[PDB]
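Single chain ahead, by itself, as structure tokens, in the form deposited in one PDB entry.
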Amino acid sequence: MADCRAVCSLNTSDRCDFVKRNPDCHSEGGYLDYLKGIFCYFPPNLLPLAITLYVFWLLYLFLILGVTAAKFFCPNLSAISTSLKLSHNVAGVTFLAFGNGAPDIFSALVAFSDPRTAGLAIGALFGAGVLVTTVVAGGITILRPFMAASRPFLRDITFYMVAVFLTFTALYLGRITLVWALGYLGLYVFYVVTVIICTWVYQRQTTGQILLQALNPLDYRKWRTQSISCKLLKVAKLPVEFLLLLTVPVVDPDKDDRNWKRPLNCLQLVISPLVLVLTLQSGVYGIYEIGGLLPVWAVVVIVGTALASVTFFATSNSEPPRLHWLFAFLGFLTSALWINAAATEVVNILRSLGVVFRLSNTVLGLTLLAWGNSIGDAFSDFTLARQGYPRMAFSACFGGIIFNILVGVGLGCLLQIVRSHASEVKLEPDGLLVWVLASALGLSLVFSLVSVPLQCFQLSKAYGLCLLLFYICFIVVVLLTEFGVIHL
């Protein structure tokens, strides 16, 4: 019954027996068993190969998550938002917020679902908070000096500090009960209402050819125009976006036809329910048999092909039907399931690396999960600042993290409480590194709250350079205390 963190203190011939009958480290969900693979699929000689290969697979999964969220998830959420006839700011605080922060939220939802990994979620949430408010905001001001917006800044910084200190309290007590989770969700509702009300009160005051081009991930002219590095990224993510364009339908509101592609969409109307049944709960309910008479994948593919022929006959190949926002909805679902599968694999990899090297969940979440999840927003915000709109970038910077922390903790803990039939989610402490992380986030927030108003909201290079120096120093201190030079 030994904890399988004790697998590196065994004779190398008996690590198979341990890994294959110790139940302490069996992935809660997923497809690949990374720890049987790392220990006795590869020969003990070449352990560094297994770990280098796992790190490259982690990086490619982060690319998968970013590409899926930016190009397929968020436009479908926007299609639904426009279909419901909402304004710009309510949309940008609810639907576009969900779309922009998808990777963090799904990562927290997966980590909170298992007692052994719940320390990854806390580390990743606080670490992403520390990273976005120092490196991204600072870099935005270094790239371009601008005059920041007062009211969004003060609103966002105040709400974020309240949410953060509430989470420190929950960490200290050592638990999250469903009253606390419902409190997180209630605070989010109050934030959306205050944004709406403040912005209102201040405003008043041949088929086959089009199928082949539809499935074609790449355009000749742009690819011939970009540099070498952009070509390299495009060829890196070509398989990802081929599977995406093949299996998720995207409704786009700016277009005249609204990306209506009659053969492609009427074929995904068969392809996508199969992806749902195979991906939901990693397939257990997919292969489950009802009654022993009608198999499950068979019935879903049969009904899918029936209704795909039904819609193919009923529509012509020029003008969309009157109800393809349901294509928007169906695309939302299967984009969400793709993100869920990628996040489950990422969390399993990080857990296995923690078992092998006897690392802590806090440092793994603090560094690798946080950076991998924040690469997307960093890229988006820096591009927006360089184009000539740094007010928008600095606003979105502080606007995203509130949604992330609040919805992530709320939903993740609530769903764990519901499926587990428990009354609380225990937050066991991983040493005293969690309090170093907490104090780093706290002081960062305090520095921004004092500095930006005192500059009269005129931000420049000095502010960003100070924040960048602070982040480098914090990371060095974390690494030095994790590996045992400075012990607390």
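From 1 onward, residues are counted along the sequence shown. Take the two forms, superpose them, and find the largest set of C-alpha atoms that agree within 1.5 Å; that set is the rigid core.
The stretch of deposited sequence separating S316 from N317 contains no residues lacking coordinates in this entry.
The following text describes the form deposited in another entry, which does not appear among the structures shown.
Note: rigid core superposed between this form and the one not shown; among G372, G99, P390, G408, the CA shift is 2 Å or more only at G99. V300: CA moves less than 2 Å between this form and the one not shown after rigid-core fitting. Positional change of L215 between this form and the one not shown stays under 2 Å at the C-alpha, relative to the superposed core. Put the two forms on the same core and the Cα of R358 is off by less than 2 Å between this form and the one not shown. Pairwise change in the other entry: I140 and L96 C-alpha atoms lie closer than in the shown form, at least 3 Å.
Between the C-alpha atoms of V93 and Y463, a gap narrowed by no less than 3 Å is obtained in the other entry, as opposed to the form on display.
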